[PDB]
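K.L.:
Got start17.txt for you, compact mmCIF, C-alpha atoms and all ligand atoms:
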```
# COMPACT_ATOMS: atom_id res chain seq x y z
CA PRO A 2 -1.48 28.08 -4.27
CA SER A 3 -0.59 24.39 -4.15
CA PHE A 4 -0.63 21.11 -2.24
CA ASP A 5 1.24 17.81 -2.48
CA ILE A 6 -0.38 14.45 -3.06
CA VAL A 7 1.71 11.82 -1.14
CA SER A 8 1.53 8.06 -0.30
CA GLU A 9 3.44 7.42 2.86
CA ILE A 10 3.62 4.22 4.86
CA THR A 11 4.37 4.30 8.57
CA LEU A 12 6.61 1.25 8.90
CA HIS A 13 5.98 1.43 12.67
CA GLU A 14 2.38 0.66 12.01
CA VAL A 15 3.39 -2.09 9.57
CA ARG A 16 5.74 -3.95 11.97
CA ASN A 17 2.90 -3.79 14.41
CA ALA A 18 0.53 -5.37 11.91
CA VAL A 19 3.05 -8.19 11.09
CA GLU A 20 3.49 -8.98 14.80
CA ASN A 21 -0.28 -9.25 15.17
CA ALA A 22 -0.40 -11.45 12.07
CA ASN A 23 2.33 -13.75 13.47
CA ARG A 24 0.36 -14.07 16.72
CA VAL A 25 -2.76 -15.12 14.77
CA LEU A 26 -0.70 -17.45 12.64
CA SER A 27 0.81 -19.26 15.61
CA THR A 28 -2.66 -20.24 16.90
CA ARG A 29 -4.11 -21.44 13.58
CA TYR A 30 -5.34 -25.02 13.96
CA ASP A 31 -4.90 -25.55 10.21
CA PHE A 32 -1.29 -24.50 10.24
CA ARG A 33 -0.19 -26.85 13.04
CA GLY A 34 2.80 -28.85 11.80
CA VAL A 35 3.08 -26.58 8.74
CA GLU A 36 5.89 -24.26 7.77
CA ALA A 37 4.48 -20.71 7.50
CA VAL A 38 6.48 -17.52 7.81
CA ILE A 39 5.32 -13.86 7.71
CA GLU A 40 8.41 -11.61 7.85
CA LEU A 41 8.87 -7.91 7.45
CA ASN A 42 12.07 -6.66 5.78
CA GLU A 43 11.98 -3.08 7.12
CA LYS A 44 15.06 -2.14 5.09
CA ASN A 45 13.60 -3.54 1.88
CA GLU A 46 10.00 -2.36 2.40
CA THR A 47 8.83 -5.95 1.83
CA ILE A 48 6.78 -8.53 3.64
CA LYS A 49 7.82 -12.01 2.76
CA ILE A 50 5.18 -14.76 3.21
CA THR A 51 6.23 -18.44 2.91
CA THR A 52 4.36 -21.72 3.38
CA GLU A 53 3.54 -25.13 1.87
CA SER A 54 1.07 -24.24 -0.91
CA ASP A 55 -0.48 -21.48 -2.95
CA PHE A 56 -3.67 -22.14 -1.01
CA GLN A 57 -1.95 -21.66 2.31
CA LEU A 58 -0.37 -18.45 0.87
CA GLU A 59 -3.84 -17.10 0.14
CA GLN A 60 -4.63 -18.02 3.74
CA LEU A 61 -1.67 -16.09 5.01
CA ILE A 62 -2.78 -13.10 2.88
CA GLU A 63 -6.15 -13.01 4.56
CA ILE A 64 -4.36 -12.85 7.96
CA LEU A 65 -2.20 -9.95 6.82
CA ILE A 66 -5.17 -8.02 5.50
CA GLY A 67 -6.97 -9.00 8.67
CA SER A 68 -4.13 -7.41 10.66
CA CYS A 69 -4.07 -4.12 8.64
CA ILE A 70 -7.79 -3.78 9.37
CA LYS A 71 -7.10 -4.23 13.12
CA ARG A 72 -4.29 -1.67 12.90
CA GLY A 73 -6.42 0.60 10.67
CA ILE A 74 -3.81 0.29 7.93
CA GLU A 75 -5.27 0.29 4.38
CA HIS A 76 -4.60 -3.10 2.80
CA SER A 77 -4.13 -1.55 -0.69
CA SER A 78 -0.85 -0.23 0.61
CA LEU A 79 0.28 -3.84 0.05
CA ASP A 80 1.52 -4.78 -3.42
CA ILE A 81 0.91 -8.56 -3.45
CA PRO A 82 2.16 -10.45 -6.52
CA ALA A 83 -0.33 -12.71 -8.28
CA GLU A 84 2.14 -15.60 -8.67
CA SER A 85 4.20 -17.45 -6.02
CA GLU A 86 7.97 -18.42 -6.30
CA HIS A 87 8.31 -22.22 -5.70
CA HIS A 88 11.41 -23.32 -3.82
CA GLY A 89 11.70 -27.01 -3.12
CA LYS A 90 8.74 -27.79 -0.94
CA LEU A 91 7.98 -24.11 -0.34
CA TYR A 92 6.01 -21.34 -2.02
CA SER A 93 6.33 -17.66 -1.20
CA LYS A 94 5.54 -14.18 -2.35
CA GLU A 95 7.45 -10.98 -1.75
CA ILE A 96 4.77 -8.37 -0.85
CA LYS A 97 5.89 -4.76 -1.58
CA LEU A 98 5.00 -1.83 0.68
CA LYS A 99 3.68 1.06 -1.51
CA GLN A 100 5.89 3.86 -0.12
CA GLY A 101 5.48 6.92 -2.35
CA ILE A 102 3.98 7.40 -5.77
CA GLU A 103 5.62 5.79 -8.73
CA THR A 104 5.29 7.27 -12.17
CA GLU A 105 2.60 4.79 -13.14
CA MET A 106 0.27 5.80 -10.36
CA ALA A 107 1.24 9.51 -10.82
CA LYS A 108 0.19 9.30 -14.44
CA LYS A 109 -3.18 7.89 -13.33
CA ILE A 110 -3.56 10.86 -11.01
CA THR A 111 -2.48 13.37 -13.63
CA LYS A 112 -4.83 11.77 -16.10
CA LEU A 113 -7.81 11.98 -13.73
CA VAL A 114 -7.12 15.70 -13.23
CA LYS A 115 -7.05 16.38 -17.00
CA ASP A 116 -10.37 14.60 -17.23
CA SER A 117 -12.01 16.48 -14.36
CA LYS A 118 -11.36 19.74 -16.30
CA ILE A 119 -10.29 21.46 -13.07
CA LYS A 120 -7.93 24.31 -13.91
CA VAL A 121 -4.85 23.10 -12.05
CA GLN A 122 -1.34 22.07 -13.10
CA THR A 123 0.33 18.84 -12.07
CA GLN A 124 4.04 18.13 -11.63
CA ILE A 125 5.08 14.50 -11.17
CA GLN A 126 8.25 14.69 -9.06
CA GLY A 127 10.18 12.70 -6.45
CA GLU A 128 7.57 10.29 -5.17
CA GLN A 129 4.65 12.75 -5.25
CA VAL A 130 2.33 14.86 -7.40
CA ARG A 131 2.29 18.62 -6.63
CA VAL A 132 -1.08 20.28 -7.58
CA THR A 133 -0.82 24.03 -8.28
CA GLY A 134 -3.76 26.34 -9.15
CA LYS A 135 -4.97 29.94 -8.98
CA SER A 136 -7.92 28.93 -6.86
CA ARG A 137 -8.05 27.32 -3.45
CA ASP A 138 -11.65 26.15 -4.01
CA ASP A 139 -10.37 24.34 -7.13
CA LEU A 140 -7.46 22.86 -5.18
CA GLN A 141 -10.09 21.53 -2.68
CA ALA A 142 -12.12 20.06 -5.46
CA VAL A 143 -8.95 18.20 -6.57
CA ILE A 144 -8.60 16.76 -3.09
CA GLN A 145 -12.14 15.44 -3.10
CA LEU A 146 -11.69 14.08 -6.62
CA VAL A 147 -8.54 12.01 -5.79
CA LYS A 148 -10.10 10.91 -2.50
CA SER A 149 -13.16 9.74 -4.36
CA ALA A 150 -11.32 7.69 -6.96
CA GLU A 151 -9.70 4.25 -6.48
CA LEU A 152 -6.42 4.64 -8.36
CA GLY A 153 -4.96 1.80 -6.33
CA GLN A 154 -3.05 3.05 -3.21
CA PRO A 155 -3.90 5.47 -0.37
CA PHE A 156 -3.04 9.16 -0.70
CA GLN A 157 -2.41 11.90 1.86
CA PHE A 158 -2.50 15.67 1.18
CA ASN A 159 0.07 18.04 2.71
CA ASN A 160 2.37 21.04 2.13
CA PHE A 161 -0.38 23.48 1.39
CA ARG A 162 1.53 26.56 0.11
CA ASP A 163 -0.04 29.94 -0.56
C1 LIG B 201 0.08 -5.95 6.73
HG1 LIG B 201 -1.26 -5.78 7.24
HG HG B 202 -0.65 -3.25 5.83
```
Can you dump the structure from the file as structure tokens?
Ligand code: MMC
Ligand SMILES: [Hg+2]
P.N.:
Amino acid sequence: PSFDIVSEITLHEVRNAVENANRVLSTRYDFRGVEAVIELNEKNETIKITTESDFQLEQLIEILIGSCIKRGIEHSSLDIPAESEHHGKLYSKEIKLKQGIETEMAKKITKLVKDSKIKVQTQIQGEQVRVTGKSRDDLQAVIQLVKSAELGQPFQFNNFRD
């Protein structure tokens, strides 16, 4: 048998979170008279945040995170750069939506499996990790293992095949 490890982001839920975050943002006493933009590029899978200083960026980030929590979206699905791009008077950050599993994260998954000694095979393909084993009880252990760890982005488990 097998199962797929996946990392999917429901954009629908994300657009919802960004709307909430713009409503909070428009009532912020400390942002009155201050440029501050929180936009979603649904085609690019990016959330662009722009304001007048790195501090204020941090402040926008807390809003964002504060909106995922309200929408029960896991914040770690956001890939937020450490540095800001400074343009004239403005500073911004392109925040990436973690849609799927890139090789780097897949290798952290595959590595964890090797280390757990569970007798299952891993195939890094597409944007997922397929876990194949003789034993369903082992496959379940794998699920608990990956759930327990903090590799860095949320995972889902589907396509259980016999
Ligand atoms: C974005 Hg929350
Ligand atoms: Hg989010």
K.L.:
What is the CA of residue 36 (chain A)-CA of residue 83 (chain A) distance in Å, reported with one decimal?
P.N.:
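These atoms are spaced 20.7 Å apart.
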K.L.:
List the neighbours of residue 26 (chain A) out to 10 Å using only C-alpha atoms; skip same-chain residues closer than 5 positions along the sequence, and give me the result as a VMD selection string.
P.N.:
chain A and resid 20 to 21 31 to 33 37 to 39 60 to 61 64 to 65
K.L.:
Nearest residue to residue 52 (chain A) out of A:24, A:148, A:16, A:87, using all atoms listed in the file?
P.N.:
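Comparing A:24, A:148, A:16, A:87 against residue 52 (chain A), the winner is A:87.
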K.L.:
With only C-alpha atoms as the basis for distance, which of A:134, A:153, A:2, A:34 is at the shortest distance from residue 79 (chain A)?
P.N.:
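With only C-alpha atoms as the atom set, the closest residue is A:153.
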K.L.:
6 Å from ligand LIG 201 (chain B) is the threshold here; counting all atoms listed in the file, which polymer residues fall inside it? Answer as an NGL selection string.
P.N.:
:A and (15 or 18-19 or 65-66 or 68-69)
K.L.:
Around ligand HG 202 (chain B), at most 12 Å away and counting all atoms listed in the file, which residues are there? Put them as a PyMOL selection string, please.
P.N.:
chain A and resi 9-22+41+46-48+62-81+96-100+154-155
K.L.:
CA of residue 152 (chain A) and CA of residue 109 (chain A) are how many Å apart?
P.N.:
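If I compute the distance from CA of residue 152 (chain A) to CA of residue 109 (chain A), I get 6.8 Å.
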